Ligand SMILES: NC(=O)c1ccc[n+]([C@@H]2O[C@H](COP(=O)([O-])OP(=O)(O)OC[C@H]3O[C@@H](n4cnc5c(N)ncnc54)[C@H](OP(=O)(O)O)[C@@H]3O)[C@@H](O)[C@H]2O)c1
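Form solved without this ligand, single chain, as structure tokens, below.
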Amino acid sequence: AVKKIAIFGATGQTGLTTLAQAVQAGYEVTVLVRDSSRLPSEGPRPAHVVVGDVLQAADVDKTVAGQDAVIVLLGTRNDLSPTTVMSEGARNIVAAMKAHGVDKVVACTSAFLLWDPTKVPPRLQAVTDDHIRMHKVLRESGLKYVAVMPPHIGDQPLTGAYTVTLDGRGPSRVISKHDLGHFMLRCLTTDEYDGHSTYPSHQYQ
């Protein structure tokens, strides 16, 4: 039974609704944040808050200690420049999970990893390159890794009626940020997605 989880990137749009749903689901949530004031002051607050940076190996190590599973929602703060913050952040998380014996990691990359590499728009190639590096870091770690590769993440409401496509592209090109967080929590209750790539999508319009 998974009870204690750590969430990386909980201050982002998708991370905030994932944190809110995880607290309401009864999980003991630990978050790593740059600033504690970025967390919601009222309502769903996490059980444990570590103030630090994901690129600091020691900060990640104390966040992963004693956890049952890890949710990774790392991004590039809306910067299309060539970067390694997501891949290097993933290497710190993987190193900490191996040392402490944590096996379950659910990580969000991008649906572009399911596309023809030549069809990826050139403007988004730099960010996609680091998503590939992070995915390879997690794929080669040997942990129970659920690769979430969502399409466009919108502001649609929480439905729970989305479609989950395994190891391929789904029929819709949009997933709500609430349904995305809902699905990543669902991956903590089952192992049927372990080692697979998941494409959540739904038709809201």
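Heads up: residue numbers just count along the shown sequence, starting at 1. If you superpose the two forms and keep the largest set of C-alpha atoms that fall within 1.5 Å, you have the rigid core.
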Checklist entry - So if we fit everything on the core, which stretch drifts more in 7 other deposited structures of this protein, 84-92 or 110-118, C-alphas only? => result 110-118
Item to check | 58-66 against 169-177 - segment lying farther from this form in 7 other deposited structures of this protein (CA RMS, rigid core fit) | outcome: 169-177
Checklist entry - Do the C-alpha atoms of 36-44 or of 153-161 have the higher average B factor in the entry? => result 36-44
Item to check | Mean temperature factor over C-alpha atoms, higher-scoring stretch between 87-95 and 69-77 | outcome: 69-77
Checklist entry - Among the modelled residues of its chain, does the C-alpha B-factor of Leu19 lie in the lowest, middle or highest third? => result lowest
Checklist entry - Going by what the PDB entry lists, where does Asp116 fall on CA B-factor within its chain: lowest, middle or highest third? => result highest
Checklist entry - Based on the entry's values, in what third of the chain does the Cα temperature factor of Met184 lie: lowest, middle or highest? => result middle
Item to check | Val106 CA temperature factor, ranked by third within the chain | outcome: middle
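Unshown form solved in complex with this ligand; subsequent notes refer to it.
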Item to check | Full three-residue contact with this ligand in the deposited bound form, heavy atom 4.5 Å, for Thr11, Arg34 and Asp53 | outcome: yes
Checklist entry - Within 4.5 Å of this ligand in the deposited bound form, heavy atoms considered, which of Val49, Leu158, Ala65, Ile153? => result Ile153
Checklist entry - With the partner left out of view, is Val102 within 4.5 angstroms of this ligand in the deposited bound form by any non-hydrogen atom? => result no
Checklist entry - So, in the deposited bound form, is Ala95 in contact with this ligand at a 4.5 angstroms heavy atom limit? => result no
Checklist entry - Should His135 be counted as a contact of this ligand in the deposited bound form, where contact means heavy atoms within 4.5 Å? => result no
Checklist entry - Does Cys108 make contact with this ligand in the deposited bound form, using a 4.5 Å heavy atom cut-off? => result yes
